[PDB]
Amino acid sequence: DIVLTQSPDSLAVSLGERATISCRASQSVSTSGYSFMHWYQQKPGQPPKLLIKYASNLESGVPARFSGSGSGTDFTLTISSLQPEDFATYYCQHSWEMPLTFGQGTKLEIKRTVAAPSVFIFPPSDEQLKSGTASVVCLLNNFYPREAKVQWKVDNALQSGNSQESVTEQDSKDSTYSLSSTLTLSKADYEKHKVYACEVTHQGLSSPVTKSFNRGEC
Amino acid sequence: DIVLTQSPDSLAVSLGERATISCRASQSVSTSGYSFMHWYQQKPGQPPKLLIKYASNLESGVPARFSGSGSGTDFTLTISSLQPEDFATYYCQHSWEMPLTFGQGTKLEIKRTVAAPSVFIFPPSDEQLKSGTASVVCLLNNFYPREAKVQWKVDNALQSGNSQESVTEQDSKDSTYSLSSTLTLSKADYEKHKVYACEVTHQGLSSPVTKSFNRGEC
Amino acid sequence: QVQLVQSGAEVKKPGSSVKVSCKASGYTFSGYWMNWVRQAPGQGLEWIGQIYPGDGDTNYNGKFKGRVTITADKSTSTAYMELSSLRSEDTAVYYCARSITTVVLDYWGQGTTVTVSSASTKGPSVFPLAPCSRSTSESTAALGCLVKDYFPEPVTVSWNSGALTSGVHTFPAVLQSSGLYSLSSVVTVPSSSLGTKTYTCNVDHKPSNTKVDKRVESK
Amino acid sequence: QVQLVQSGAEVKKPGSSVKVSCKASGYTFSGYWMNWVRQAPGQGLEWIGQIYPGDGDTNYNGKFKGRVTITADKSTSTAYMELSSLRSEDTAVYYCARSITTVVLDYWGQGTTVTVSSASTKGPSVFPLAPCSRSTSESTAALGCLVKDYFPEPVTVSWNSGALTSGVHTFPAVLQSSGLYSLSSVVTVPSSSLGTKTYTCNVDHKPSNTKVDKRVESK
Amino acid sequence: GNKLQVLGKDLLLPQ
Amino acid sequence: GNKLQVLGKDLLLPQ
């Protein structure tokens, strides 16, 4: 079985600039001057769409800023003058032999200027506490880039293993992200502590921002 | 200086049975009808407590199941009907001359039926691996008696010099022990091998028990 | 006008069998290889096998042989993939895709979500996300709903019956160690009109026929 | 009631000196010999020497002469033991104890731990101990936390903020060749409770003001 | 229609 | 108020 490895896994590039994505095959897929490697583009909620056939032949309707190159084991997809509609995940596919295999995909995202998150904390509702669980939510709104560190503190003890993060896709209008971090505790654990805090570190913040509440005042 | 040698070093006696602890002095410590030998009891976290003065005289408040005897070079502490509170280390002390010296101690523990360990192996966490070290932990839970052999194998190579063991004191409820063995490797060494195993030998097992995992499958 | 239309989302317990359909239109179904390609997070794209509907010839990925059966009905122009002995690693989006003589996949179906889990259908609990107290030093406030412990996907969340869409973030669900999903939906609103304007999240979990409207406010 | 109260734990670097105190009450301090005794692992109990506070007379064990000075302050009924030029092998528990005409030690202080080390204060790193996979076959599972690379002793570990005590084993710390300590704390629980109940270790290292709570589970 | 599937390895030698 | 310490070696004969 042929293994296709793409690089990088993800890439942020500014509008109007040039993106380069690579695919390396575990064996040569070229013979007789033809390379049996193809490129697909996929946007969320949609199937992949064939973009380039035989390493360098653009499909009909693909704009000229797209190109492909390479031979043997190493292939490259290049997009100059990036347009908003170009940001997507790209996959390589060989047609050397059975079975057909695909690269793991490269996600191309929009690089924009740094934007600091707006941070909010939410206590658990009395309704949820009735059922025996406490969810504490920390919201980071409209930030760039994606990298952010959210640290929960409960009476100054640093938490681990009891929170989960979820992140939106890049906003269609401002290209920012938003993120939720949810700390989940038993009601028993929750009632044993007073100060609930989430501390947010991000490139756009000169120093970390902490939002907190005291249990029993909400 | 006088050397006091106690026998045995560790003694396991069933509840309600008799315990006998001996102390041999390197010279006689008896003269004119006096025996200059005394006995102390020590529990963890506490100072020693004087129990018997001049070989056979119980201190006030000491239960009558304690008795001492002997003369010359050989002295005996006997507990006629072991109670749970008698679990302690016992020391003899002479008052023949300066410097005062003590026996090395006899640790008296509760004998119970044989219990095989439950064995568990834990891989290193991804968080620790980030830092350049891998700790692998083997747990032997709730076994009796204390003797147990734990050997580490890495790709079937016996490990030496890279593990440490720690053992609990006898459990107050079920009189068992538990033991941890921790194997510490550099991340570089850890990533060059696949099968991590701890092999446990104990009299309660029909044959040695091995617990293992393969790196990168947790 | 090549169109590939797949059957709907499916939920299965481990050990069961799933059968996805793909209805083709606008080409000679009998003359083109039909492939099965599945997509799960972190697992790229996986080509399951293929069938040539004309004569029923098949080629399978050895990773799946003896566990997947690909079939084709010429009268109904429909291809099928049975994945037997399903396991929690077979949760994925399953696509059908027409390919041509140069072995590229030029037309794709819309995909079929297949969830495999030992969990049972359960509608969400909906809890308010509101600040401990109303701030009067900030010109905006965030409000939200926590949509917790439901199975299977999906749920939909709107605000004010669709009249509030600006500034809404509805996060992707996360799978909890319980086997149930959870997500939050948040919105930013003006402080100056709080306590005169209402903000209500509208949650619909069609698999359990559960709908909840939750009015959110600080107590 | 006779009471001997000693000064608290000491952490010292090699080459330094330490002066341990022993405050006597409940009797006439000047009328009884006050002794000092060392207890280190593997060396049992060792008598260091004694002082008669009435006149300051002393007797020392020759093994300790030239490195220990025993003194007494009649005005505050306090005895002292000063260890000079400390070495790692002076790490031990030190007791004061009153003795009587019959040369038994009838009342003892609570002990003073003296740790001699070149290490510096450092809080632990805490790592989960979780099985590679959650086994089916066994009805009992073990979880734990590895509390690694801290100095000095002690750390405290609890589970579920103190609510879970049954089946917990917190092992004695081991001193690594780095001079830092490490220990693990484990708990055994019903396998059926995994995923439906949370297990969190609570680690406190007061010398470094390090506090962490870690919920432990496999992937 | 057409059943042909051009696979690169089929264009090597020896067959 | 008694400094005496009775040690066995001191009871030996001859003294």
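Within the stretch B:9-46, work out how many residues are part of a loop (DSSP other than H, G, I, E, B) and either within 20 Å of B:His94 (Cβ to Cβ) or in contact with a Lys or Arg (Cβ under 7 Å, 6 or more places away or on another chain) (or both). Please lay out each step first, then the result.
Our first condition is that a residue be part of a loop (DSSP other than H, G, I, E, B); within the stretch B:9-46, this holds for B:9, B:14-18, B:26-29, B:32-33, B:36, B:43-46.
This time we only want the ones that are either within 20 Å of B:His94 (Cβ to Cβ) or in contact with a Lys or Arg (Cβ under 7 Å, 6 or more places away or on another chain) (or both), so: B:9, B:14, B:26-29, B:32-33, B:36.
Summing the residues that are part of a loop (DSSP other than H, G, I, E, B) and either within 20 Å of B:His94 (Cβ to Cβ) or in contact with a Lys or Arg (Cβ under 7 Å, 6 or more places away or on another chain) (or both) in the stretch B:9-46 gives 9.
Can you tell me which residue within the stretch D:114-146, out of those that are β-branched (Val, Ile, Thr) and farther than 23 Å from A:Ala157 by Cβ, is farthest from the other protein chains (Cβ to nearest Cβ)? So that I can check it myself, show each step before the final result.
Here is the first cut: in the stretch D:114-146, the residues β-branched (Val, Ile, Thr) are D:114-116, D:121, D:126, D:136, D:140.
Cutting the leftovers down to farther than 23 Å from A:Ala157 by Cβ gives us D:114-116, D:136, D:140.
Working: D:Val114: 15, D:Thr115: 16, D:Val116: 21, D:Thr136: 12, D:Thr140: 7 Å.
Checked the stretch D:114-146; the qualifying residue farthest from the other protein chains (Cβ to nearest Cβ) is D:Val116.
Which one is nearest to B:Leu100 (Cα to Cα) among residues in the stretch B:37-46 that are surrounded by 15 or more Cβ atoms within 10 Å (Cβ to Cβ) and of a type outside the set (A, V, I, L, M)? Can you show your working first?
Step one: list which residues in the stretch B:37-46 are surrounded by 15 or more Cβ atoms within 10 Å (Cβ to Cβ), which gives B:37-42.
Then keep just the ones that are of a type outside the set (A, V, I, L, M); that gives B:38-42.
On the way: B:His38: 11, B:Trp39: 13, B:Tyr40: 14, B:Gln41: 17, B:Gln42: 18 Å.
Applying the filter and picking the extreme gives B:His38.
Report whether or not C:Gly31 is out of contact with any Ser or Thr (no Cβ under 9 Å at 6 or more places or on another chain) and free of Cβ contacts under 8 Å to residues at least 12 places away in the same chain.
Numbers: out of contact with any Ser or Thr (no Cβ under 9 Å at 6 or more places or on another chain): yes; free of Cβ contacts under 8 Å to residues at least 12 places away in the same chain: no.
Answer is no for this residue.
With the requirement that a residue be out of contact with any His (no Cβ under 8 Å at 6 or more places or on another chain) and surrounded by fewer than 17 Cβ atoms within 10 Å (Cβ to Cβ), what does the stretch A:148-166 give you?
Those that are out of contact with any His (no Cβ under 8 Å at 6 or more places or on another chain) and surrounded by fewer than 17 Cβ atoms within 10 Å (Cβ to Cβ): A:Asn156, A:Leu158, A:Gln164, A:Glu165.
Restricting to the stretch A:47-67, count the residues that are assigned to a loop (DSSP other than H, G, I, E, B) and either more than 10 Å from chain C (Cβ to nearest Cβ) or surrounded by fewer than 14 Cβ atoms within 10 Å (Cβ to Cβ) (or both).
Here is the first cut: in the stretch A:47-67, the ones assigned to a loop (DSSP other than H, G, I, E, B) are A:47-48, A:54-56, A:59-65.
Filter again for either more than 10 Å from chain C (Cβ to nearest Cβ) or surrounded by fewer than 14 Cβ atoms within 10 Å (Cβ to Cβ) (or both), leaving A:55-56, A:60-65.
Residues meeting the conditions: 8.
Restricted to the stretch B:68-122, and to residues that are assigned to a loop (DSSP other than H, G, I, E, B) and of a type in the set (A, V, I, L, M, F, W, C), which residue is surrounded by the most Cβ atoms within 10 Å (Cβ to Cβ)?
The initial filter retains those residues of the stretch B:68-122 that are assigned to a loop (DSSP other than H, G, I, E, B), namely B:72-73, B:80-83, B:87, B:95-100, B:103-105, B:111-114, B:116-117.
In the following step, the residues that additionally are of a type in the set (A, V, I, L, M, F, W, C) were identified as B:82, B:87, B:96, B:98, B:100, B:114, B:116.
Numbers: B:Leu82: 19, B:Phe87: 19, B:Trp96: 24, B:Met98: 18, B:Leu100: 27, B:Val114: 11, B:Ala116: 17.
Residue satisfying both the conditions and the ranking: B:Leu100.
Let me spell it out: the conditions are (1) touching an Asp or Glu at 6+ places or on another chain (Cβ under 7 Å); (2) surrounded by 14 or more Cβ atoms within 10 Å (Cβ to Cβ), and D:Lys19 meets all of them except one. Which number is the exception?
Result: D:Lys19 passes all but (2).
Go through the residues of the stretch A:153-160 one by one and say whether even a single one is in contact (Cβ under 8 Å) with a residue 40 or more places away in the chain, in a loop (DSSP other than H, G, I, E, B) and at the interface with chain D (Cβ under 10 Å from one of its Cβ atoms).
Looking only at the stretch A:153-160, we keep the residues that are in contact (Cβ under 8 Å) with a residue 40 or more places away in the chain, and these are A:153-155.
Now drop any that are not in a loop (DSSP other than H, G, I, E, B), which leaves A:155.
Next, from what is left, pick out any that are at the interface with chain D (Cβ under 10 Å from one of its Cβ atoms): A:155.
Looking for residues that are in contact (Cβ under 8 Å) with a residue 40 or more places away in the chain, in a loop (DSSP other than H, G, I, E, B) and at the interface with chain D (Cβ under 10 Å from one of its Cβ atoms), one finds at least one in the stretch A:153-160, hence yes.
What number of residues in the stretch A:138-147 are surrounded by fewer than 22 Cβ atoms within 10 Å (Cβ to Cβ) and touching a residue at least 40 places away in the same chain (Cβ under 8 Å)?
Qualifying residue count, the stretch A:138-147: 2.
When you go through C:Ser218, C:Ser192, C:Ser177 one by one, which is the residue that is within 19 Å of C:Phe127 (Cα to Cα) and small (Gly, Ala, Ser)? First the steps, then the outcome.
On the way: C:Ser192 fails: within 19 Å of C:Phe127 (Cα to Cα); C:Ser177 fails: within 19 Å of C:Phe127 (Cα to Cα).
Residue meeting the stated conditions: C:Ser218.
Specify which of the listed residues (D:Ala24, D:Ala40) is closer than 16 Å to F:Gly1 by Cα and in contact with a strand residue (DSSP E or B) (Cβ under 7 Å, 6 or more places away or on another chain). Write out each step before concluding.
On the way: D:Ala40 fails: closer than 16 Å to F:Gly1 by Cα.
Of the residues listed, the single one that is closer than 16 Å to F:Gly1 by Cα and in contact with a strand residue (DSSP E or B) (Cβ under 7 Å, 6 or more places away or on another chain) is D:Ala24.
Working only within the stretch A:190-207, note down all residues that are in a loop (DSSP other than H, G, I, E, B) and touching a residue at least 24 places away in the same chain (Cβ under 8 Å).
We begin by selecting, within the stretch A:190-207, every residue in a loop (DSSP other than H, G, I, E, B); these are A:192-194, A:202-207.
Listed by number, the residues that qualify are A:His193, A:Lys194, A:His202, A:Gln203, A:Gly204, A:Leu205.
Could you identify the single residue in C:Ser133, C:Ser137 that is over 22 Å from A:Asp126 (Cα atoms), polar (S, T, N, Q) and part of a loop (DSSP other than H, G, I, E, B)? Outline the logic, then answer.
Values: C:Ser133 fails: over 22 Å from A:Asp126 (Cα atoms).
Residue meeting the stated conditions: C:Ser137.
Out of D:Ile70, D:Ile100, report the one residue that is in the same structural domain as D:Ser21 (by CATH) and over 26 Å from B:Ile52 (Cβ atoms).
Values: D:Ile100 fails: over 26 Å from B:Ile52 (Cβ atoms).
Of the residues listed, the single one that is in the same structural domain as D:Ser21 (by CATH) and over 26 Å from B:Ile52 (Cβ atoms) is D:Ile70.
Pull up the stretch A:167-189, narrow it to residues that are within 10 Å of chain D (Cβ to nearest Cβ) and not in a strand (DSSP E or B), then point me to the one that is surrounded by the most Cβ atoms within 10 Å (Cβ to Cβ).
Residue satisfying both the conditions and the ranking: A:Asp189.
Name the single residue, out of those in the stretch B:74-113 being closer than 30 Å to B:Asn142 by Cα and within 14 Å of chain D (Cβ to nearest Cβ), that is nearest to the chain's Cα centre (by Cα).
Of the residues in the stretch B:74-113, the ones closer than 30 Å to B:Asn142 by Cα are B:78-91, B:104-113.
Checking the rest, the ones that are also within 14 Å of chain D (Cβ to nearest Cβ) come to B:88-91, B:104-107.
Working: B:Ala88: 11, B:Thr89: 10, B:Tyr90: 14, B:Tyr91: 16, B:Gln104: 14, B:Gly105: 12, B:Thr106: 10, B:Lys107: 7 Å.
Within the stretch B:74-113, the match that is nearest to the chain's Cα centre (by Cα) is B:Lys107.
Determine whether C:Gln110 is within 26 Å of A:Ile52 (Cα to Cα), outside the structural domain of C:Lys206 (by CATH), not small (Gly, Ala, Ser) and not in a loop (DSSP other than H, G, I, E, B).
Details: within 26 Å of A:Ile52 (Cα to Cα): yes; outside the structural domain of C:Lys206 (by CATH): yes; not small (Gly, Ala, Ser): yes; not in a loop (DSSP other than H, G, I, E, B): no.
No: the conditions fail for C:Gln110.
Can you tell me how many residues within the stretch C:22-43 are at the interface with another protein chain (Cβ under 10 Å from one of its Cβ atoms) and not polar (S, T, N, Q)? Can you show your working first?
Going residue by residue through the stretch C:22-43, those that are at the interface with another protein chain (Cβ under 10 Å from one of its Cβ atoms) are C:27-33, C:35, C:37, C:39, C:42-43.
Cutting the leftovers down to not polar (S, T, N, Q) gives us C:27, C:29, C:31-33, C:37, C:42.
Qualifying residue count, the stretch C:22-43: 7.
Under the condition of being assigned to a loop (DSSP other than H, G, I, E, B) and within 14 Å of chain A (Cβ to nearest Cβ), which residue from the stretch D:168-217 is surrounded by the most Cβ atoms within 10 Å (Cβ to Cβ)?
Applying the first criterion (assigned to a loop (DSSP other than H, G, I, E, B)) to the stretch D:168-217 yields D:171-173, D:176-180, D:195-196, D:198-199, D:209, D:216-217.
Of the ones still in play, those that are also within 14 Å of chain A (Cβ to nearest Cβ) are D:195-196, D:198-199, D:209, D:216-217.
Values: D:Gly195: 14, D:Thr196: 9, D:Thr198: 21, D:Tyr199: 22, D:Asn209: 10, D:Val216: 24, D:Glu217: 17.
Only one residue fits best here, namely D:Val216.
Can you pull out the residues in the stretch C:44-53 that are more than 8 Å from every other protein chain (Cβ to nearest Cβ) and within 18 Å of A:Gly105 (Cβ to Cβ)?
C:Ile48
Can you find a residue that is assigned to a strand (DSSP E or B) and surrounded by 14 or more Cβ atoms within 10 Å (Cβ to Cβ) anywhere in the stretch B:124-131?
Here is the first cut: in the stretch B:124-131, the ones assigned to a strand (DSSP E or B) are none.
Within the stretch B:124-131, not a single residue is assigned to a strand (DSSP E or B) and surrounded by 14 or more Cβ atoms within 10 Å (Cβ to Cβ).
C:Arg87 is checked against (1) surrounded by 17 or more Cβ atoms within 10 Å (Cβ to Cβ); (2) touching a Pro at 6+ places or on another chain (Cβ under 9 Å); (3) of a type in the set (D, E, K, R) and fails just one. What number does that condition carry?
(1)
Being assigned to a loop (DSSP other than H, G, I, E, B) and more than 7 Å from every other protein chain (Cβ to nearest Cβ) is the filter here; which residues of chain E pass it? Give the steps one after another, and end with the answer.
Quick first cut of chain E, residues assigned to a loop (DSSP other than H, G, I, E, B) only: E:1-7, E:12-15.
Within chain E, E:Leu13, E:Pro14, E:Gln15 qualify.
Identify the single condition in (1) at negative phi; (2) in contact (Cβ under 8 Å) with a residue 40 or more places away in the chain; (3) within 11 Å of chain B (Cβ to nearest Cβ) that D:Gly111 does not satisfy, given that it satisfies every other one.
Among (1) at negative phi; (2) in contact (Cβ under 8 Å) with a residue 40 or more places away in the chain; (3) within 11 Å of chain B (Cβ to nearest Cβ), the lone unmet condition for D:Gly111 is (1).
Among the aliphatic types (A, V, I, L, M), more than 7 Å from every other protein chain (Cβ to nearest Cβ) and out of contact with any strand residue (DSSP E or B) (no Cβ under 8 Å at 6 or more places or on another chain), is that true of C:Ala163? Working first, answer last.
Working: among the aliphatic types (A, V, I, L, M): yes; more than 7 Å from every other protein chain (Cβ to nearest Cβ): yes; out of contact with any strand residue (DSSP E or B) (no Cβ under 8 Å at 6 or more places or on another chain): yes.
Spelling it out, C:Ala163 is indeed among the aliphatic types (A, V, I, L, M), more than 7 Å from every other protein chain (Cβ to nearest Cβ) and out of contact with any strand residue (DSSP E or B) (no Cβ under 8 Å at 6 or more places or on another chain).
Give the residues of the stretch C:159-197 that are of a type in the set (D, E, K, R) and farther than 19 Å from C:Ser139 by Cα, sorted by residue number. Spell out the reasoning first.
Filtering the stretch C:159-197 for residues of a type in the set (D, E, K, R) gives C:197.
Scanning the stretch C:159-197 gives no hits.
Could you please let me know if A:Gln6 is touching a residue at least 60 places away in the same chain (Cβ under 8 Å) and either in the same structural domain as A:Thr106 (by CATH) or in a strand (DSSP E or B) (or both)?
Values: touching a residue at least 60 places away in the same chain (Cβ under 8 Å): yes; either in the same structural domain as A:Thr106 (by CATH) or in a strand (DSSP E or B) (or both): yes.
Yes.
FYI the Cβ positions are ideal-geometry reconstructions off the backbone, even for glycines, and counts take in every protein chain you see. All of this is worked out from the model, or read from it or from the source named; nothing here is a laboratory result.
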